[PDB]
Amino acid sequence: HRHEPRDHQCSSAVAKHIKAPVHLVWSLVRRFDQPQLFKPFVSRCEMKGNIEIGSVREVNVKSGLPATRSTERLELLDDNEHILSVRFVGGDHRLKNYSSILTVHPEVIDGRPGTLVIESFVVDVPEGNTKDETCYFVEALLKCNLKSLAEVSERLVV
């Protein structure tokens, strides 16, 4: 998780403790073609072919947001080291050159096997805003995503 933000960019990260085993969480994160598995803001997602470096998904988001669609490319997918990197390359949103890195790590939580998820990003600051506003916008969405990921994961343990 080392990003180098340029002068016209910002960067931050969010983390979440999940009471589920790593293999269980990562089985959800890796399905790059179905982010609606844990992202509450996705309504539709299309993708042709196998999940591989260079894969492109076309995402459509639900109503009540500042955007409707983004095009996202899979940059990194490591199944031994649990890493996932995605880049936004299109859409009608204001997150230009968005790039995120997400990793899953094992951990003991309340005497049972658990999971720590860490997600960082860098993105251009859009015209008119500040580094702080942009980070706030993204962290709010990511915190919500990792919130959802934890719920679905902890539900599959039962």
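We number the residues from 1 along the sequence you see. By rigid core we mean the largest C-alpha set that fits within 1.5 Å across both forms.
Of the two stretches examined, 1 to 9 and 147 to 155, the one with higher mean CA deviation in 5 other deposited structures of this protein after a rigid core fit is 1 to 9. In this crystal structure, the stretch out of 134 to 142 and 5 to 13 whose C-alpha atoms carry the higher mean B factor is 5 to 13. Taking only CA atoms, the mean B-factor in the PDB entry is higher for 108 to 116 than for the other of 108 to 116 and 62 to 70.
When the modelled residues of the chain are ordered by their C-alpha B factor, residue 97 lands in the middle third. Per the deposited record, the Cα B-factor of residue 30 falls in the highest third when ranked against the other modelled residues of its chain.
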